[PDB]
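See below for the structure under consideration.
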Amino acid sequence: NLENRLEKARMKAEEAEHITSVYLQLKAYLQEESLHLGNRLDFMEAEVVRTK
Amino acid sequence: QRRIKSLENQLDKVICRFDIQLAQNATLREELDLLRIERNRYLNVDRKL
Amino acid sequence: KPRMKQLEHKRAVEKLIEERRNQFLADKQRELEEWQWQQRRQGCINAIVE
Amino acid sequence: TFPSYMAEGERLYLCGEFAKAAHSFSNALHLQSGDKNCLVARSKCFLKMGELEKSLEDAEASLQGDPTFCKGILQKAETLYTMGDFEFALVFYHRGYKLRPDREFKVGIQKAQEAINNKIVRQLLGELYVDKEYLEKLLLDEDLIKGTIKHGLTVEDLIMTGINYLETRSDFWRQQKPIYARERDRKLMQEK
Amino acid sequence: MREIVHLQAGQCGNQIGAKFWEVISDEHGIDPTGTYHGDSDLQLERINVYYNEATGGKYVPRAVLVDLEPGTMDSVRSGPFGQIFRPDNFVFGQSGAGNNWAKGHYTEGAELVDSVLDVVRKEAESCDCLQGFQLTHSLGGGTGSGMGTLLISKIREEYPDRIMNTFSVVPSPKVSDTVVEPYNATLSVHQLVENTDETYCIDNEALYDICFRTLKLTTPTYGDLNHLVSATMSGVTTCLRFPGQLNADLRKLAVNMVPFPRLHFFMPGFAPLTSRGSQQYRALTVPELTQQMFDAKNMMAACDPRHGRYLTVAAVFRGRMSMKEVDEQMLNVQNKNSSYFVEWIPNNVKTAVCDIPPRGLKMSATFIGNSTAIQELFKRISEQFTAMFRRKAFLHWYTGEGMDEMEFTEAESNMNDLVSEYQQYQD
Amino acid sequence: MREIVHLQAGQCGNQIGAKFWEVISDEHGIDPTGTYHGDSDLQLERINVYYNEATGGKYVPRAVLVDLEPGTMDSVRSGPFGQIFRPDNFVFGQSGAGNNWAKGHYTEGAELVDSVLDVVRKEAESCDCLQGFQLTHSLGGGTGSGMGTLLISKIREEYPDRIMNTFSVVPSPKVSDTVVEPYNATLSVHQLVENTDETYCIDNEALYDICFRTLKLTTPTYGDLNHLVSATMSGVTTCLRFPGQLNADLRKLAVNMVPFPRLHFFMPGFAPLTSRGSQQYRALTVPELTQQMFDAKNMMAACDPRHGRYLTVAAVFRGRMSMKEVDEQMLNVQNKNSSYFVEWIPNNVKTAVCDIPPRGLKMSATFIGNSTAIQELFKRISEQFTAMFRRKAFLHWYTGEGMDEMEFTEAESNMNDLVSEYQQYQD
Amino acid sequence: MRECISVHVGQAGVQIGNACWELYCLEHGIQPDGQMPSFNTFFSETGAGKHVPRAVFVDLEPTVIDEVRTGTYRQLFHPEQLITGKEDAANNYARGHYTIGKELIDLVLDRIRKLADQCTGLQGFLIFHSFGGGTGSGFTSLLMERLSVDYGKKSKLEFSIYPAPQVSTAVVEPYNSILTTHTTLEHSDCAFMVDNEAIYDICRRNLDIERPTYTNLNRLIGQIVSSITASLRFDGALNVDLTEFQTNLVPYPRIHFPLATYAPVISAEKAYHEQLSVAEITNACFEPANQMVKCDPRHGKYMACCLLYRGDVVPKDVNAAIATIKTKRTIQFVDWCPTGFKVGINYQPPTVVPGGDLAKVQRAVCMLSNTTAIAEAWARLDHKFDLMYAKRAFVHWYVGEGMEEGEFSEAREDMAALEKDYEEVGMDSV
Ligand SMILES: Nc1nc2c(ncn2[C@@H]2O[C@H](COP(=O)(O)OP(=O)(O)OP(=O)(O)O)[C@@H](O)[C@H]2O)c(=O)[nH]1
Ligand SMILES: Nc1nc2c(ncn2[C@@H]2O[C@H](COP(=O)(O)OP(=O)(O)O)[C@@H](O)[C@H]2O)c(=O)[nH]1
Ligand SMILES: Nc1nc2c(ncn2[C@@H]2O[C@H](COP(=O)(O)OP(=O)(O)O)[C@@H](O)[C@H]2O)c(=O)[nH]1
Ligand SMILES: [Mg+2]
């Protein structure tokens, strides 16, 4: 009985290991892009000026 | 006897690591939303412009 | 007057250099003297054992 | 040649990343074809990667040479009973125990036992606290952020890769503990 | 100010209290007779909690020490801090309660109950706002199981409000001291579930483990086991006798450690219990006194808490400490073991902090934790009960003393129910 | 701050290990009781690398001591710096491992391995940034290899991102001290090739001569021999506990060394090793130390580097000196002696300079070297193994405790393929 | 109101700065404590008297950056901008740029942004690191990636410790050098190159003292930085700022790698015996012996050169000091850049550090030029990479640190075009 609840939790741990890895990679795409997020708006702010 | 004993200590560690894993997954998925809210904020002023 | 009040703040804020550093040195001796006091208490209980 | 690719690939496998390890395992196959030692090493690295079918291919293509490699005898854990339905994998767990005892084989034997006798609500029951992740990794797919490119692959691929394994683990947990058996356990407990 | 009227009942209790009264006597200063000789007013200040003022500045304790065999009380006098006890608050019968719940709860005992209730009444209404009415005793004997649970009963009728703590000794799992242990214990756990409001299960088998697997001792005397228990007590009543940053008395450690009327059986546990050779090699950072408390070992009750889901845990911390280190470390516990803490209650942990530490240390704690693992304790006792009533063994000595069989069955039922309910909330 | 747990397991381990702690406290100024009593401040600024603080000066060493039969461990206790270690760390069983890998890696081993990893896990959580581990096995033997391998493997599965250096005595070439040493080595080297990062072959026949030819000691005992092996461990890890011009953490000294992920076996070496009254006739300049540094007569391993090809060599110089001189002498080496160095990695030497000299020595310079010539050692053990496995010698005393022949066959295959890997680069 | 931010990164970059910030403390009369007994460009003012240097010292290994915050200069630096690390780089590009680099960026750039807000007229940046070390290669190139998008048009000057041709310290050093040059090509402005062994050579011959070390090595590097930036603060006859160095050191955006040279590097005794005139100190720059990088100038062609003078230099005798250079044939000038030269004049003679080996001269000139002889210096480093990568030598650590192998092939491919530009520069056009 105790091995059966060890391997079941060993199974349950790894499917929580994966979800950490797919969320950190999802973070990394949002983080780098938040840097280019401002100057794109600044460029388009000047776009409203140039066609004014 | 020691088998059962060592196996208790083992199961504990496994269920405890799973727990701290859910924790970091929960420290995230809140800060993931903290990277989605300004993500759901510029494109409303991008689509404005 | 603006020069000597920034200088006045200069002496006033460097007194918090010496007060807080001395407080830190007084705090570490206070917890150290607690360690000897618990150990000299253990010296007294080891007496009545002896 | 071959000894570099194993040693990094086994170390990468232990170090948490499995995608890059399997690549290092796969490059070693372009040194010698029938290499049972490494064929099981892929299937260890491929079961952990969420997907299932390639791991079985490497599992079988290992043990199509000789049934003597005890490390590869461990690998067939991923057969039917543990992957679905309600009976098979014990037929090999016992024949592995006919070989060297290998206390890890017994773990599979005690697991493959009397369990052979056996949307929101179903997901929350079958999946544990990671069911909060499952819906949330599906509610993040109803946006425009999906159509992106991280490195070679797409952001929508990753948002569905985590959902793919969680859906795969959903049936894996359902096969082990049936919903029908769950009602019987609760009813017998309350009555007694 | 509030006070507590100890009801040292039973042989085991007589002893459990004696080492305890010495422990509180010291913390406060009351020397082996009474004259306060402390080194900080912080002590005397609120002594009323466990000590009544007399003349010549004497602080005789407030303990209606009781028994049914005039011998244990006699030893309690002829001991260390024993002159303190009053020569009138010792209620002693003549006929022993030969290990027979009946002899103590229905026959021999009763005779003494009137005298006990009298003294209790007296020392009780001689206060301003009594806060409690503890009763240290064992559940596997005669006087305790018998007269003890009758006192608890008539007292919860006379004063129907004051907290009724009951540091109790539940029969050990493996080795036992008596043979008729089951019957006695089972019967006592029925006149305790629907009466007391804070029972603390302490087990000897468990205690021994914490005096050989943690205290690296080799010759543990029943006395040394009693000192570990006395420490738990001091702690549960510390934030009321000495000031602090987040004080919590008994009523609070209740509205924050019992999630259902019946469910009231809590397991204890101390914090800094290290050996001599190691006393110096270990540091006392709050993290350390937190690890040595949530472990299954440092639990004075032999019921692995790894097989249940703590409905709620507490922590009467004691010692000048950092409220951050405490709350922070307690969140790490709250999360690291979220799979061992029930979810229907979001946050399960009460964190009190005192200032005056246990005499000679730097920090301490008590792990009063309501777990669904106590279900196992009663089930082992019940497994034994149903395995004796089945053949009406050792029952001719009970039915005799005005006792019916339905009473016995009613205990199995009211015990089976506790165990059953405990599991319903463990799911 | 980076931390290094010193796992010592076995007679030769707990022996040199003790010496290691003597030749480390002296530097960090610690007494045989646990208290800073040194001169310069730079000494307790980085005590957080091998010594965790306790209460008030007691720097309790972060060493886990393991064996199988109370003996070598008791020697470390009843000795000089012997009580500094925390009691718990001393984890021992009761039976011996009669140099039988099977015992230490199968039958018994496991019994204590669980406890061993417990203390390790604990002292791993008490770290800011775990750099890695530092095992100390005697290889050829039981409590040494048998156990170490088990522990080494367990650690690499728990911490797959730590540099586990393994100062190990290699089955001596000429006079061995165990009729079954070949057997042990075969299985051992196999595990420490897929589970380690920087091994250091500390052979004995070599050390027993370096003290006879260079130090001219008339009666070299094990005591003196261990001062040499201890020194190297302190050198490898000197830029992690003291300031410098070009620091080099273990990871650095590994990346710049371990070439392909398997040839990670290195040859040890110290620098100022002159006799007692011979110093007067010998200066101490980077030029001079370098003659000795690269002299193959001062290598703590047996294989002669002038019978192979230095793949990558490093040197953790410790002392106030001139980086120019360091580079100049090292440059000359690569040029003057080129054939003896491999050519596919032009820069073949790594220099490092910690600016805190050793005790009573202005300039010390530990040299670590990945020399292909190690083929000899591997081949020798393989050869000796070949002779025994053949006529199935002492095998019922190995396979008797669970170890199929195929295990030892697999082992041989690996050890031999390591020789192939090295020679493939020599040509 | 015209300041510039200097970021010093790595074991190398910090120890350069400690021997460089002692020069700014001695030129301005700044005390080590931080108070006076103009400053503006390299020193801030917290309205009280305690001068704070506008420098951020970032490193991944705490044991060296701890010496700055415990030594003599502990009160001068802000304790929170002087940021330490937790895990070390281990000479890995894949660690300081992909694994442990990314965890020390959400606050390091926050320091640079706050130091940018304190200024009003910033125009330049200044970086010290080494191409060989893991922090100076990986963490630097991430900073180039971050600063290219955060600031952009602002100038980003650079000083590096080049791979020594003959000697070396690390053996994955060519691995670090190629990958850091890959990122520096497009995300940097001008990368001033200095190596180690040539300074060891000029400390033998010109400087009388022998057995040099990192103290004398970094004080000379402190001198080349102090000489190149002194024109911001002191009034001179012909002044020059950092954004001016953009347009006259690079003709093409791919080449941005010039060299340094300190001319009056002389000992205390030897300066008694010769007079230092600006005619003689100018043609002492062009000798290959005095060149601070081991590149023989006769192999290459000079593309553009900068001569920043200090002290009582007379501009009457600087054009005569240059007209002698162009008439002699050992310096090669051809048609596609017949101009080739500039000078900058300052009125502050160079200061002397106590205990230093330099002599307190008044006519100090620093020669700053980009040559086509860097091609042969890079003709070995790409060969160095092609001799190790030809059979996959040490790169298993890199692919163990978040690195995919695929960039190494295009690290070759992007670097292979670089000397293809060099052969296009050297050919004459008819
Ligand atoms: N000129 C000069 N060069 C230095 C100094 N310190 C280190 N270096 C150079 O740095 C190169 C190797 O880099 P490292 O020693 O690893 O230092 P790093 O570049 O900061 O890399 P990390 O140590 O990982 O942080 C050597 O070849 C040296 O030339 C210094 O103080 N002055
Ligand atoms: N912890 C502890 N338990 C005791 C002590 N003395 C007796 N006991 C327990 O109490 C039981 C003895 O019964 P006893 O107290 O004489 O019965 P009672 O007085 O009639 O209720 C045994 O099962 C012991 O476990 C003691 O000093 N310490
Ligand atoms: N350096 C060193 N080597 C030792 C010492 N004692 C024994 N050895 C070596 O250890 C080898 C035998 O190891 P062994 O005693 O079997 O280790 P065990 O199996 O762990 O008990 C011999 O070849 C010795 O050369 C010592 O104090 N120092
Ligand atoms: Mg560094």
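Following the order of the structure tokens, first chain is A, next is B, and so on, with residues numbered from 1 inside each chain and ligands from 1 in the order they appear.
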
Exercise. Residues up to 6 Å from ligand 2, counting only C-alpha atoms and all ligand atoms: could you list those as a ChimeraX atom specification?
Key: /E:10-12,15-16,99,138,140-145,177,204,222-223,225-226

Quiz item: If you run DSSP on this backbone, which residues of stretch 137-255 of chain G come out as strand (DSSP E), and could you give them as a ChimeraX atom specification?
Solution: /G:157-162,190-195

Quiz item: Which polymer residues have any atom within 9 Å of an atom of residue D:72, counting only C-alpha atoms, with same-chain residues fewer than 6 positions away left out, as a ChimeraX atom specification?
Solution: /D:36-37,39-41,59,62-63

Put those residues in a file: N, CA, C and O atoms, as a PDB file, in the first residue's frame.
```
ATOM      1  N   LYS D  36      20.735  -1.138 -28.015  1.00  0.00           N
ATOM      2  CA  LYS D  36      19.798  -1.314 -26.897  1.00  0.00           C
ATOM      3  C   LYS D  36      20.069  -0.463 -25.665  1.00  0.00           C
ATOM      4  O   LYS D  36      19.135  -0.016 -24.989  1.00  0.00           O
ATOM      5  N   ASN D  37      21.351  -0.280 -25.344  1.00  0.00           N
ATOM      6  CA  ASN D  37      21.779   0.539 -24.218  1.00  0.00           C
ATOM      7  C   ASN D  37      21.239   1.962 -24.311  1.00  0.00           C
ATOM      8  O   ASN D  37      20.849   2.560 -23.304  1.00  0.00           O
ATOM      9  N   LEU D  39      18.755   2.888 -26.648  1.00  0.00           N
ATOM     10  CA  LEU D  39      17.365   2.870 -27.083  1.00  0.00           C
ATOM     11  C   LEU D  39      16.409   2.972 -25.899  1.00  0.00           C
ATOM     12  O   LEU D  39      15.355   3.611 -25.984  1.00  0.00           O
ATOM     13  N   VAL D  40      16.769   2.337 -24.781  1.00  0.00           N
ATOM     14  CA  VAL D  40      15.993   2.494 -23.553  1.00  0.00           C
ATOM     15  C   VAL D  40      16.180   3.900 -22.988  1.00  0.00           C
ATOM     16  O   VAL D  40      15.256   4.486 -22.407  1.00  0.00           O
ATOM     17  N   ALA D  41      17.366   4.479 -23.186  1.00  0.00           N
ATOM     18  CA  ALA D  41      17.700   5.792 -22.648  1.00  0.00           C
ATOM     19  C   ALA D  41      16.870   6.887 -23.306  1.00  0.00           C
ATOM     20  O   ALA D  41      16.549   7.894 -22.667  1.00  0.00           O
ATOM     21  N   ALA D  59      11.180   1.705 -26.894  1.00  0.00           N
ATOM     22  CA  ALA D  59      11.113   0.614 -25.930  1.00  0.00           C
ATOM     23  C   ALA D  59      11.114  -0.730 -26.643  1.00  0.00           C
ATOM     24  O   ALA D  59      11.853  -1.640 -26.258  1.00  0.00           O
ATOM     25  N   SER D  62      14.354  -1.383 -28.742  1.00  0.00           N
ATOM     26  CA  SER D  62      15.351  -1.958 -27.861  1.00  0.00           C
ATOM     27  C   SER D  62      15.080  -3.448 -27.793  1.00  0.00           C
ATOM     28  O   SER D  62      15.639  -4.195 -28.597  1.00  0.00           O
ATOM     29  N   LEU D  63      14.067  -3.871 -27.039  1.00  0.00           N
ATOM     30  CA  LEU D  63      13.977  -5.279 -26.664  1.00  0.00           C
ATOM     31  C   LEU D  63      13.559  -6.205 -27.806  1.00  0.00           C
ATOM     32  O   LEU D  63      13.040  -7.291 -27.537  1.00  0.00           O
TER      33      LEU D  63
END
```

Quiz item: Which is closer to chain F than all the others in G:34, G:62, G:71, G:10, using only C-alpha atoms?
Solution: G:62

Practice problem: List all protein, DNA and RNA residues that have an atom no more than 8 Å from any atom of ligand 4, counting only C-alpha atoms and all ligand atoms, and report them as a PyMOL selection string. | Solution: (chain F and resi 246-248) or (chain G and resi 10-12+59-61+64+88-90+133-135)

With C-alpha atoms kept, could you save the residues just selected as a PDB file, in the first residue's frame?
```pdb
ATOM      1  CA  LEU F 246      41.990  35.795 -10.993  1.00  0.00           C
ATOM      2  CA  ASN F 247      39.473  33.783  -8.894  1.00  0.00           C
ATOM      3  CA  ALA F 248      38.401  30.274 -10.026  1.00  0.00           C
TER       4      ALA F 248
ATOM      5  CA  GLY G  10      33.165  41.108 -14.364  1.00  0.00           C
ATOM      6  CA  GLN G  11      36.303  40.197 -12.445  1.00  0.00           C
ATOM      7  CA  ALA G  12      38.257  42.180 -15.012  1.00  0.00           C
ATOM      8  CA  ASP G  59      29.375  40.897 -11.169  1.00  0.00           C
ATOM      9  CA  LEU G  60      28.204  37.317 -10.753  1.00  0.00           C
ATOM     10  CA  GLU G  61      30.870  36.291  -8.211  1.00  0.00           C
ATOM     11  CA  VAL G  64      35.883  40.112  -5.601  1.00  0.00           C
ATOM     12  CA  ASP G  88      29.361  32.229 -10.834  1.00  0.00           C
ATOM     13  CA  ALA G  89      29.903  32.272 -14.599  1.00  0.00           C
ATOM     14  CA  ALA G  90      32.595  29.536 -14.934  1.00  0.00           C
ATOM     15  CA  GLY G 133      35.728  35.550 -19.022  1.00  0.00           C
ATOM     16  CA  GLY G 134      32.195  34.269 -18.689  1.00  0.00           C
ATOM     17  CA  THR G 135      30.808  37.423 -17.085  1.00  0.00           C
TER      18      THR G 135
END
```

Please tabulate, as JSON lines, the residues of chain G that come within 12 Å of chain D, each with its closest pair of atoms and the distance in Å to one decimal, counting only C-alpha atoms and ordering rows by chain, then residue number upward.
```
{"residue": "G:391", "atom": "CA", "partner": "D:1", "partner_atom": "CA", "distance": 9.2}
{"residue": "G:392", "atom": "CA", "partner": "D:4", "partner_atom": "CA", "distance": 9.4}
{"residue": "G:393", "atom": "CA", "partner": "D:4", "partner_atom": "CA", "distance": 9.9}
{"residue": "G:394", "atom": "CA", "partner": "D:4", "partner_atom": "CA", "distance": 10.5}
{"residue": "G:395", "atom": "CA", "partner": "D:8", "partner_atom": "CA", "distance": 10.3}
{"residue": "G:396", "atom": "CA", "partner": "D:8", "partner_atom": "CA", "distance": 6.6}
{"residue": "G:397", "atom": "CA", "partner": "D:8", "partner_atom": "CA", "distance": 8.3}
{"residue": "G:398", "atom": "CA", "partner": "D:8", "partner_atom": "CA", "distance": 10.6}
{"residue": "G:399", "atom": "CA", "partner": "D:20", "partner_atom": "CA", "distance": 8.2}
{"residue": "G:400", "atom": "CA", "partner": "D:12", "partner_atom": "CA", "distance": 6.5}
{"residue": "G:401", "atom": "CA", "partner": "D:12", "partner_atom": "CA", "distance": 9.4}
{"residue": "G:402", "atom": "CA", "partner": "D:20", "partner_atom": "CA", "distance": 8.8}
{"residue": "G:403", "atom": "CA", "partner": "D:20", "partner_atom": "CA", "distance": 9.4}
{"residue": "G:404", "atom": "CA", "partner": "D:20", "partner_atom": "CA", "distance": 8.2}
{"residue": "G:405", "atom": "CA", "partner": "D:20", "partner_atom": "CA", "distance": 10.2}
{"residue": "G:406", "atom": "CA", "partner": "D:152", "partner_atom": "CA", "distance": 11.7}
```

Could you turn the residues from that selection into a file that holds N, CA, C and O atoms, as a PDB file, in the first residue's frame?
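Saved to part.pdb:
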```pdb
ATOM      1  N   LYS G 391      35.925  19.114 -33.924  1.00  0.00           N
ATOM      2  CA  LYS G 391      35.460  17.834 -33.409  1.00  0.00           C
ATOM      3  C   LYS G 391      34.789  17.968 -32.040  1.00  0.00           C
ATOM      4  O   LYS G 391      34.875  17.047 -31.216  1.00  0.00           O
ATOM      5  N   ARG G 392      34.115  19.099 -31.798  1.00  0.00           N
ATOM      6  CA  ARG G 392      33.148  19.274 -30.709  1.00  0.00           C
ATOM      7  C   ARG G 392      33.811  19.125 -29.336  1.00  0.00           C
ATOM      8  O   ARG G 392      33.528  18.203 -28.569  1.00  0.00           O
ATOM      9  N   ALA G 393      34.703  20.071 -29.036  1.00  0.00           N
ATOM     10  CA  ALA G 393      35.663  19.882 -27.950  1.00  0.00           C
ATOM     11  C   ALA G 393      35.055  20.108 -26.570  1.00  0.00           C
ATOM     12  O   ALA G 393      34.893  19.163 -25.792  1.00  0.00           O
ATOM     13  N   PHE G 394      34.695  21.349 -26.246  1.00  0.00           N
ATOM     14  CA  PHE G 394      34.274  21.650 -24.886  1.00  0.00           C
ATOM     15  C   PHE G 394      32.826  22.103 -24.837  1.00  0.00           C
ATOM     16  O   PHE G 394      32.370  22.569 -23.787  1.00  0.00           O
ATOM     17  N   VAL G 395      32.094  21.997 -25.950  1.00  0.00           N
ATOM     18  CA  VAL G 395      30.805  22.675 -26.076  1.00  0.00           C
ATOM     19  C   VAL G 395      29.666  21.924 -25.417  1.00  0.00           C
ATOM     20  O   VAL G 395      28.526  22.407 -25.449  1.00  0.00           O
ATOM     21  N   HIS G 396      29.930  20.757 -24.824  1.00  0.00           N
ATOM     22  CA  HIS G 396      28.869  20.033 -24.134  1.00  0.00           C
ATOM     23  C   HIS G 396      28.410  20.773 -22.885  1.00  0.00           C
ATOM     24  O   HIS G 396      27.262  20.610 -22.459  1.00  0.00           O
ATOM     25  N   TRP G 397      29.291  21.577 -22.283  1.00  0.00           N
ATOM     26  CA  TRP G 397      28.870  22.463 -21.204  1.00  0.00           C
ATOM     27  C   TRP G 397      27.932  23.544 -21.708  1.00  0.00           C
ATOM     28  O   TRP G 397      26.998  23.942 -21.001  1.00  0.00           O
ATOM     29  N   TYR G 398      28.186  24.059 -22.912  1.00  0.00           N
ATOM     30  CA  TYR G 398      27.343  25.123 -23.437  1.00  0.00           C
ATOM     31  C   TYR G 398      25.940  24.605 -23.714  1.00  0.00           C
ATOM     32  O   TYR G 398      24.963  25.150 -23.187  1.00  0.00           O
ATOM     33  N   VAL G 399      25.825  23.483 -24.434  1.00  0.00           N
ATOM     34  CA  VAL G 399      24.510  22.902 -24.693  1.00  0.00           C
ATOM     35  C   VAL G 399      23.874  22.344 -23.425  1.00  0.00           C
ATOM     36  O   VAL G 399      22.686  22.004 -23.431  1.00  0.00           O
ATOM     37  N   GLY G 400      24.637  22.232 -22.337  1.00  0.00           N
ATOM     38  CA  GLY G 400      24.069  21.955 -21.035  1.00  0.00           C
ATOM     39  C   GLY G 400      23.576  23.168 -20.280  1.00  0.00           C
ATOM     40  O   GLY G 400      23.078  23.020 -19.161  1.00  0.00           O
ATOM     41  N   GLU G 401      23.694  24.362 -20.862  1.00  0.00           N
ATOM     42  CA  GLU G 401      23.367  25.605 -20.175  1.00  0.00           C
ATOM     43  C   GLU G 401      22.345  26.438 -20.943  1.00  0.00           C
ATOM     44  O   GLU G 401      22.408  27.669 -20.934  1.00  0.00           O
ATOM     45  N   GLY G 402      21.397  25.784 -21.608  1.00  0.00           N
ATOM     46  CA  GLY G 402      20.377  26.470 -22.370  1.00  0.00           C
ATOM     47  C   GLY G 402      20.774  26.831 -23.784  1.00  0.00           C
ATOM     48  O   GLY G 402      19.989  27.481 -24.484  1.00  0.00           O
ATOM     49  N   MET G 403      21.958  26.430 -24.227  1.00  0.00           N
ATOM     50  CA  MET G 403      22.437  26.777 -25.553  1.00  0.00           C
ATOM     51  C   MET G 403      22.033  25.701 -26.551  1.00  0.00           C
ATOM     52  O   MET G 403      22.230  24.507 -26.310  1.00  0.00           O
ATOM     53  N   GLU G 404      21.432  26.123 -27.658  1.00  0.00           N
ATOM     54  CA  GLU G 404      21.324  25.210 -28.780  1.00  0.00           C
ATOM     55  C   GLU G 404      22.589  25.304 -29.626  1.00  0.00           C
ATOM     56  O   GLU G 404      23.236  26.351 -29.711  1.00  0.00           O
ATOM     57  N   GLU G 405      22.944  24.184 -30.256  1.00  0.00           N
ATOM     58  CA  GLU G 405      24.221  24.112 -30.958  1.00  0.00           C
ATOM     59  C   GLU G 405      24.183  24.953 -32.232  1.00  0.00           C
ATOM     60  O   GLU G 405      25.229  25.364 -32.742  1.00  0.00           O
ATOM     61  N   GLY G 406      22.981  25.265 -32.726  1.00  0.00           N
ATOM     62  CA  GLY G 406      22.816  25.859 -34.043  1.00  0.00           C
ATOM     63  C   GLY G 406      23.404  27.246 -34.206  1.00  0.00           C
ATOM     64  O   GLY G 406      23.680  27.656 -35.339  1.00  0.00           O
TER      65      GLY G 406
END
```

Practice problem: Do a neighbour search on residue F:116 at 8 Å with only C-alpha atoms, toss out local chain neighbours closer than 3 positions, and write the hits as a ChimeraX atom specification. | Solution: /F:64,66,91,112-113,119-120,151

Please save C-alpha atoms of the selected residues as a PDB file, in the first residue's frame.
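After the write, result20.pdb holds the following:
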```pdb
ATOM      1  CA  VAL F  64      28.904  14.035   7.094  1.00  0.00           C
ATOM      2  CA  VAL F  66      29.960   7.581   7.275  1.00  0.00           C
ATOM      3  CA  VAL F  91      26.245   7.938  10.677  1.00  0.00           C
ATOM      4  CA  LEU F 112      22.613   3.115   6.215  1.00  0.00           C
ATOM      5  CA  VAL F 113      22.499   4.944   2.821  1.00  0.00           C
ATOM      6  CA  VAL F 119      21.952  14.224   7.069  1.00  0.00           C
ATOM      7  CA  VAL F 120      23.125  15.322   3.551  1.00  0.00           C
ATOM      8  CA  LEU F 151      25.830   7.896  -2.034  1.00  0.00           C
TER       9      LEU F 151
END
```

Self-check item: Secondary structure check, helix (DSSP H, G or I) residues of stretch 2-88 of chain D, as a PyMOL selection string
Solution: chain D and resi 2-14+19-28+36-47+53-62+70-75+80-82

Quiz prompt | Spatial neighbours of stretch 10-25 of chain A, max dist 9 Å, only C-alpha atoms, sep filter under 4 positions, as a PyMOL selection string | solution = (chain A and resi 5-6+29-30) or (chain B and resi 11+14-15+17-19+21-22+24-25+28-29+32) or (chain D and resi 16-17+48-50+128+130+133+137+150+158-159+161-162+165-166+169)

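Taking only C-alpha atoms, the non-local environment of stretch 34-41 of chain C within 9 Å (same-chain residues fewer than 2 positions away omitted) comprises residues 29, 30, 31, 32, 43, 44, 45 and 46 of chain C; 360 and 361 of chain E; 55 and 56 of chain F.
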
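In chain D, the set of residues within 12 Å of chain B (atoms considered: only C-alpha atoms) is residues 103, 128, 129, 130, 131, 132, 133, 134, 135, 136, 137, 139, 140, 143, 144 and 145 of chain D.
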
Practice problem: Between G:147, G:331, G:359, G:323, single out the one closest to residue G:126, counting only C-alpha atoms. | Solution: G:147

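Within 10 Å of chain B, counting only C-alpha atoms, chain E contributes residues 306, 332, 333, 335, 336, 337, 338, 339 and 340 of chain E.
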
Quiz item: What lies within 12 Å of residue D:67 using only C-alpha atoms, ignoring chain neighbours under 5 positions off, as a list in words?
Solution: residues 36, 59, 60, 61, 62, 72, 73, 74, 75, 76, 92, 95, 96, 98 and 99 of chain D

Exercise. Specify as JSON, numbers by chain all residues of chain G found within 6 Å of chain F, counting only C-alpha atoms.
Key: {"G": [90, 167, 169, 170, 171, 211, 212, 213, 394]}

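The gap separating atom CA of residue F:270 from atom CA of residue F:309 is 20.2 Å, in Å to one decimal.
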
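Our summary of the geometry notes that atom CA of residue G:108 is positioned 28.4 Å from atom CA of residue F:163.
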